[PDB]
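Working notes for the structure below.
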2 protein chains.
Amino acid sequence: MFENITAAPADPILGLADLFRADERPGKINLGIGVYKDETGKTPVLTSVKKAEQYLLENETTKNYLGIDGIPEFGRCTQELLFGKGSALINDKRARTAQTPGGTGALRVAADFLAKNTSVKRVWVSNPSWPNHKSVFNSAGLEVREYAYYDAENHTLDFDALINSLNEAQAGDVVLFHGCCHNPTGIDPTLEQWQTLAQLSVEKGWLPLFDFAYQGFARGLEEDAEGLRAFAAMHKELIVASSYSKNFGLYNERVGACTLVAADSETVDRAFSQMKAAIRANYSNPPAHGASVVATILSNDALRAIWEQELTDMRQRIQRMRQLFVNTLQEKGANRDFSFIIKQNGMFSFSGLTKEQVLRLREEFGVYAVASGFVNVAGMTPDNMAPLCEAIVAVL
Amino acid sequence: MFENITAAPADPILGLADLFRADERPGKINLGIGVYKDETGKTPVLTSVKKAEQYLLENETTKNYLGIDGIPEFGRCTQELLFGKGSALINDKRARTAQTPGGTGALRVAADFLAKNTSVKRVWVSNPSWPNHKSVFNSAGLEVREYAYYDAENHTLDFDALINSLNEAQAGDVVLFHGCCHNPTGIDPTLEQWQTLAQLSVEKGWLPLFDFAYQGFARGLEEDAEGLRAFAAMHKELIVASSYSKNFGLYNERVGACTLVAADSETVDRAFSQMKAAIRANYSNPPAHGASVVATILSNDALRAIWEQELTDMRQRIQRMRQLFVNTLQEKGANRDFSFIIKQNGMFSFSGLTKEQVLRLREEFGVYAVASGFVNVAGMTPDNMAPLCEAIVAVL
Ligand SMILES: *Cc1c(COP(=O)(O)O)cnc(C)c1O
Ligand SMILES: *Cc1c(COP(=O)(O)O)cnc(C)c1O
């Protein structure tokens, strides 16, 4: 059966980490890591999370199966983080949430479920979008198309090209958005923008699906949701996929969730059942541990408070490198403008650099950057900034 | 989009636990639980697991993403538990293992991967088989057919009907087996039986896929694998799906794994890549926590030793109820033979009882049993045995 021909031509992971895992001089990391790193290059484990990890060592009584949808507390908790405080979408019971081996879990689960119950044929992702997007959905047998976004050149969102690319879409078509700023270039629709996508989105069909990892990394836990929230001001039907993998620095635990909305609660229920349908058919129920950490930090408001400050730290270091990058680059000699990298959000941004600068940087240079010129601001530490910036400007 | 018609007609879970969750007199549990219970009706959390849970509170340095295949230690460790000690299938590097949100995760992942790379069209499950089997594979677009097994009446494996039902199968068809004794009736092929399935299996085509949750519950960690192992003595190509969900009482953590075999290591590799392919496309990498517990107990041989004794306990309580069931039933008045329930293995066995005894037991009786007459020996405690056995014999 497996004997003769298969093999991968694979993901931009070992597509950079393994040459890094060998191409040893004093390698300026990959800026092609997918995780955050602190001022020392470590991707710590959090005080809010540990303290919470301990609350579980002691309080757990059984490792008894979780409900298909998971931890309801996590539920309440996730819902309220995405839609708000007195959110009339919560009291009103239009939203239902599933706990999933998070982020990708949710987009998958979202995928498999749309694929029946629904007659969604295509998914519109965005050029570029997080690399693993296409695979999730092709896997489920939905065809993926791309809308414009960052035509680049002038480093911002070619708003017009988007709207323009989008009109090709249609009524029962799902349009994938990243709530708060986009992997790989933290370029944001401003509220207005977010606002018109929504006006357009209702008058044309489009079930909107939010891909939401990164909340609290652009401006703040609650502002980051505004995009999700205005859409949500006017949808009836909407679906969002979340991850506490980045915001809780819980990467390996696999935490995130899938929220589904319907006009009303009866409808929400006939459909959530069918999303649970798709869950018993994937993995029968989600992994507790991560989410309990999660459910526990969001409930304990002392632990929340301590948790909100770490994230603040995160997000802040990230902001500090973005200026420093542009600064160390001034001083050292660059023929260009990159004042565009302090304008973007998140870990990611494309360093406007060529497939070949990117490659002239891994020879007698040593910096790892995935071929697309995309760097992870998070891998830049205050001291590695010197050499990095020598190297970047020694190619332009 | 979701508006009008969907809804579930669902899993034998709330299909029994929810009426239990309400039908309150002194309800004799459901014997329609899917988890083990101790002599008090609790599904504890283990000393081996806690001690290990603590080793992690203190030793974890980052929550950094796991490899797609997961924890390699878990790897080594799982492989050696399934195939053995000096296993020439390990040194020989024909086996490769993926860590997955376990058990169902693995059958799914196994499913999605067969579905391309391979030209497996059908899956042969067994009548009955674990209820969630059909959904996993239909979900992936493989058609499921059933082979005979327990025609019942004479409570044992209609060996002949199996062989007989099987011949309809064919060359690139996957045949699903439960390594050590079967959910819902712990009826075993003896080594010989296991042995002929294998002889047959090579001479006819059939990629064999083992569904293996329950190891150490029939006779012992190592004997339970004999079935897996003799097949494995002669396959080249074979695939097994595991779960430490029952044996480690880790139910909610989601621990298990998918082992794939090929004739040789080159071939194993072109295909594992494509199984990792299917993994980045499901959830991008598995949840650490559970498996670290797992990887940690199997390496630390003090913790292993302590772990092997709990399981022994488990398996033993399970054996003690099976005799007690048959005994309390003698004494109290039954018109039948049920000496067949001390012959079976595992938590499960069908109490030869009718859809209507099953139902005459939930009226002014109070015992919950999924309509198929299947009981979970594990929910029977030494004291609830009195009333249960009054009730069972008061209907025959
Ligand atoms: C980081 C990220 C994810 C993460 O999915 P998880 O399994 O939560 O790691 C998903 N989508 C996007 C756009 C991301 O940036
Ligand atoms: C219990 C059981 C499973 C469990 O899958 P998990 O997700 O590990 O709970 C799978 N298959 C069979 C036959 C089982 O009995």
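Listed values, structure above:
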read-out	value
The lone exception for residue A:45 - which of (1) more than 14 Å from chain B (Cβ to nearest Cβ); (2) closer than 21 Å to residue A:249 by Cβ; (3) β-branched (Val, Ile, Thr); (4) assigned to a loop (DSSP other than H, G, I, E, B) it fails	(1)
Failed item in (1) more than 22 Å from residue B:276 (Cβ to Cβ); (2) touching a helix residue (DSSP H, G or I) at 6+ places or on another chain (Cβ under 6 Å), with residue B:140 passing the rest	(1)
Residues that are facing another protein chain (nearest Cβ under 9 Å) and surrounded by fewer than 19 Cβ atoms within 10 Å (Cβ to Cβ), drawn from the stretch A:136-163	A:138, A:141
Hits in the stretch A:296-308 (condition: surrounded by fewer than 16 Cβ atoms within 10 Å (Cβ to Cβ) and over 24 Å from the mean Cα position of the chain (by Cα))	A:301, A:302
Matching residues, the stretch B:268-303, being without any contact (Cβ under 8 Å) to a residue 24 or more places away in the chain and more than 13 Å from chain A (Cβ to nearest Cβ)	B:301, B:302
Residue B:157 being farther than 24 Å from residue A:2 by Cβ, of a type outside the set (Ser, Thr, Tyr) and more than 19 Å from the chain's Cα centre (by Cα)	no
Residue ID - farthest from ligand 2 (Cβ to nearest atom), chosen from residues in the stretch A:204-215 that are buried (at least 21 other Cβ atoms within 10 Å of the Cβ) and not hydrophobic (A, V, I, L, M, F, W, C)	A:208
Residue list for the stretch A:232-276, filter: under 22 Å from residue A:176 (Cβ atoms), within 11 Å of ligand 1 (Cβ to nearest atom) and assigned to a loop (DSSP other than H, G, I, E, B)	A:254
Selection from the stretch A:196-228 of residues that are among the charged types (D, E, K, R) and assigned to a helix (DSSP H, G or I)	A:203, A:204, A:222, A:223, A:224, A:226
Residue match in the stretch A:43-57 (condition: surrounded by fewer than 21 Cβ atoms within 10 Å (Cβ to Cβ) and within 16 Å of ligand 2 (Cβ to nearest atom))	no
Some residue of the stretch B:2-16 being part of a helix (DSSP H, G or I) and out of contact with any strand residue (DSSP E or B) (no Cβ under 7 Å at 6 or more places or on another chain)	no
In the stretch B:130-156, the residues that are touching a residue at least 12 places away in the same chain (Cβ under 8 Å) and within 20 Å of residue B:340 (Cβ to Cβ)	B:148, B:149, B:150, B:152, B:155, B:156
The stretch B:230-250: number of residues that are among the charged types (D, E, K, R) and over 13 Å from the mean Cα position of the chain (by Cα)	2
Test: residue in the stretch A:204-226 that is within 16 Å of ligand 1 (Cβ to nearest atom), under 15 Å from the mean Cα position of the chain (by Cα), within 12 Å of chain B (Cβ to nearest Cβ) and in contact (Cβ under 8 Å) with a residue 60 or more places away in the chain	yes
Tabulated pairs, the stretch B:98-116, first in contact (Cβ under 8 Å) with a residue 60 or more places away in the chain, second of a type in the set (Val, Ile, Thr) and more than 16 Å from ligand 2 (Cβ to nearest atom), C-beta under 8 angstrom, 6+ apart or interchain	B:98/B:68; B:99/B:71; B:114/B:120
Meets criteria (over 26 Å from residue B:320 (Cβ atoms), away from ligand 2 (no atom under 16 Å from the Cβ) and within 14 Å of chain A (Cβ to nearest Cβ)) for residue B:201	yes
Unique match (being in contact with a helix residue (DSSP H, G or I) (Cβ under 7 Å, 6 or more places away or on another chain) and more than 14 Å from ligand 2 (Cβ to nearest atom)) among B:265, B:284, B:242, B:273	B:284
Filter result for the condition that a residue is closer than 26 Å to residue B:250 by Cα, away from ligand 1 (no atom under 16 Å from the Cβ) and assigned by CATH to the domain that holds residue A:230, over A:92, A:69	A:69
Filter result for residue A:168 (within 25 Å of residue A:370 (Cα to Cα) and more than 14 Å from chain B (Cβ to nearest Cβ))	no
Residue selected from the stretch B:52-91 under the condition closer than 25 Å to residue B:215 by Cα, of a type in the set (D, E, K, R) and part of a loop (DSSP other than H, G, I, E, B), by the criterion farthest from the other protein chains (Cβ to nearest Cβ)	B:85
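Quick grid of which residues meet (1) exposed (fewer than 15 other Cβ atoms within 10 Å of the Cβ); (2) in contact (Cβ under 8 Å) with a residue 24 or more places away in the chain; (3) touching a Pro at 6+ places or on another chain (Cβ under 6 Å):
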| site | (1), (2), (3) |
| --- | --- |
| A:310 | no, yes, no |
| A:317 | no, yes, no |
| A:326 | no, no, no |
| A:336 | yes, yes, no |
| A:353 | no, yes, no |
| A:362 | no, yes, no |
| A:368 | no, yes, no |
| A:375 | no, yes, no |
| A:381 | no, yes, no |
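All of this is worked out from the model, or read from it or from the source named; no laboratory instrument gave them. With ideal geometry, Cβ positions are generated from the backbone for all residues, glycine too; neighbour counts draw on all protein chains shown.
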